[PDB]
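One structure is given here, and the rest of the page talks about it.
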Amino acid sequence: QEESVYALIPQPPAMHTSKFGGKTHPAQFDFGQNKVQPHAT
Amino acid sequence: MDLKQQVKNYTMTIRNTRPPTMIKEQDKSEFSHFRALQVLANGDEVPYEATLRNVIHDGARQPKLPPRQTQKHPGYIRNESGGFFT
């Protein structure tokens, strides 16, 4: 309504990976055993 | 004057008290039309009727009778003394 025929038609990332990151291995942990074997038990 | 005309006059009085706001007597999908046009500007896939918008006005009654021409050919009739009509 405002005589704006120019305004009539409008014409116009990887997350990251931490350094600490790592899978827990059965070492550096005093709660459990300290080996990994195929079919021991 | 009578019941029907008094009801008529009261309604007309209401019409005059209210501002007509130069209204268009029909409202179509305003923001939907704007949104569809913006979708067309970039996405380049909009339904045709979604792009469309329709606005009506009163115009007038009296459905375009052809003109009467209000005037003959300036070779037949003359004013009072020789002289065209205007």
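Chain identifiers are assigned as A, B, and so on, following the order in which chains appear in the structure tokens; residues are numbered from 1 within each chain, and ligands are numbered from 1 in order of appearance.
If you take only C-alpha atoms and a cut-off of 10 Å, the residues of chain B that reach chain A are residues 34, 35, 37, 38, 39, 40, 41 and 42 of chain B.
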Gap from CA of residue 29 (chain B) to CA of residue 54 (chain B) - Å, one decimal: 8.3 Å
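The space separating CA of residue 26 (chain B) from CA of residue 7 (chain B) comes to 25.5 Å.
Shortest atom-to-atom contact with residue 23 (chain B) among B:48, B:36, B:56, B:5: B:56, counting only C-alpha atoms.
For residue 75 (chain B), the set of protein, DNA and RNA residues having any atom at most 12 Å away, when counting only C-alpha atoms and skipping those fewer than 6 positions along the same chain, is residues 82, 83, 84 and 85 of chain B.
CA of residue 55 (chain B) sits 13.9 Å away from CA of residue 32 (chain B).
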